[PDB]
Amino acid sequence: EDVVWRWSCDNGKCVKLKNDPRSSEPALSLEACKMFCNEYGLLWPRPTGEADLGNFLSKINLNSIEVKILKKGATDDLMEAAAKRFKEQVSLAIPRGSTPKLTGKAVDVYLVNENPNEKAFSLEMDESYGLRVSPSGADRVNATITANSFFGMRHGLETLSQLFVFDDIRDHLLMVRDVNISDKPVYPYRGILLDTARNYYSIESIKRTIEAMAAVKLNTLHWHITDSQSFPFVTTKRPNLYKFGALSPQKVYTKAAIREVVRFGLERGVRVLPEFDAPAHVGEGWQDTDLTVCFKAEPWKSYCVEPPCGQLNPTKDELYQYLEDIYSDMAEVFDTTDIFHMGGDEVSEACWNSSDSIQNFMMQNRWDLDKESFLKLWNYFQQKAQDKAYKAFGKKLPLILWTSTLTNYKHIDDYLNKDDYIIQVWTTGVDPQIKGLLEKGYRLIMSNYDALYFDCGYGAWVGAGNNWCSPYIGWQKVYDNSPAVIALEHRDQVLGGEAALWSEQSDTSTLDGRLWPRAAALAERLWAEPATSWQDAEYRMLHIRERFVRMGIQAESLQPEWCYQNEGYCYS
């Protein structure tokens, strides 16, 4: 049938009223009411500069949307793809099974990229843009996006596509008539860590993730591609690793597939940042190489944080020839990344100390068999690994390592330095380590486990009960988590944050629900850094969830749809 209700703004809330036929007032559809009742309308994330949306809408012909690229250059392929992608984005305003009337004005999208040759990712890349929308004569609209690079430009296309609403009362596609927007992100690094080694994730599900990331302007996919449980990364120079390491022959990431993903990400302003976690978090794949110790060691609680146990043996020269080859194979297909993640997850002294060859190496070099000695072995490893990474990427590039014993601020400067190493932080924001690190000039990527671990809250995968970092982190807690509050003065040293999806209990099937719409909360926090909290973003978060679902993302449900149609009535 046809929609029977209407909506009217009242103290910032769209109230549902009956659409009585005996009225001279034009009825508002739910989202038409929302676009103007809300401070920032249906925008996610909300802009950092000007947010002038005006007061009116305009009927639009869907078939009469034409995009024109004004400045041409090296990024022609990228801009043409992003423009072709724009028409499809506009259709996301329309609910499936509803068709818009083919009438209304024509839309002219004018893309001006003022440095059409820049297409490299860097922490200094300019992702700012300007958005102007105004009527053009009688039967058309002037939509102009102006930005310093392609990245800001496609960010602007994203924001522009959010200015379309569907009127399901009349079946009209509408657009905001007069907009003036200036925008740019607060943090340069906005990411998701996807663990694809504890469980496999189809290429299609990964592209689908990147698609959703772009929709809320997140720019980094950190691809945790290897661990102790599997080695799906197809390494040509050391094919024995993925042949023995993969969960199955089909559960693998080939050079062609990775290139597809990397290119797909580039077209969408997403840096695909590969990680090889070492010298811990290794196992499957390294059988019969004699380059690991403690693999499947029992009882596992004595040797590692989670089974199977396994670490690299740094005392063997051949290890670094394997490492160089792995890095080189990564550098070849991950060819948009400006950064490389080397893991640095906590090493087990117990494991290294159980090895004959390792103990002899430490005695014959005078070191002892104490915690400080094994910290030297780790430094010894990381220094040589680092050297090979540089040779592999054919240049020096920033490296990322987790907060660990090795990166304790008290002694991190012994072999690490703040110009070469970025530190990813899992510890809670009130930990002394963050302050100690910030003061020694180190840059941070925030991934604090109490706000940013998207795996928390489920059943136990060893034993019974729940998983280690329960309870489940609602989007509210991730939205409110602010690096600016954590960093304080040293906040420019914070590069941004990363939602971490560890995959002991997540794979292809649970991917959508794990990330969305929670990652959108991180998206707004890192793009805008609001002084306002989650309550002020609630209505817009509900809408962005619906947009994800319309995109085909199987996003988590936050609230009854009733709350979305009846703002103000669901509260606590």
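When you see a residue number, it is the position in the sequence shown, counting from 1.
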Going by the entry, of stretches 483-491 and 448-456 the one with greater average Cα B-factor is 483-491
Comparing 327-335 with 344-352, the higher average Cα temperature factor in the PDB entry belongs to 344-352
Going by the entry, which of 139, 195, 211, 284 has the most elevated CA B factor?
-> 139
Can you pull the Cα B-factors for 312, 273, 256, 111 from the entry and say which is highest?
-> 111
By the record's CA B-factor, is residue 24 among the lowest, middle or highest third of residues in the chain?
-> middle
Residue 558: CA temperature factor from the record, placed by chain third, in the lowest
Ordered by C-alpha B-factor within the chain, which third holds residue 31? Give me lowest, middle or highest, please.
-> middle
Sort the modelled residues of this chain by their C-alpha B factor and say whether residue 306 lands in the lowest, middle or highest third.
-> middle
Considering only modelled residues of the same chain, in which third does the CA B-factor of residue 545 rank: lowest, middle or highest?
-> lowest
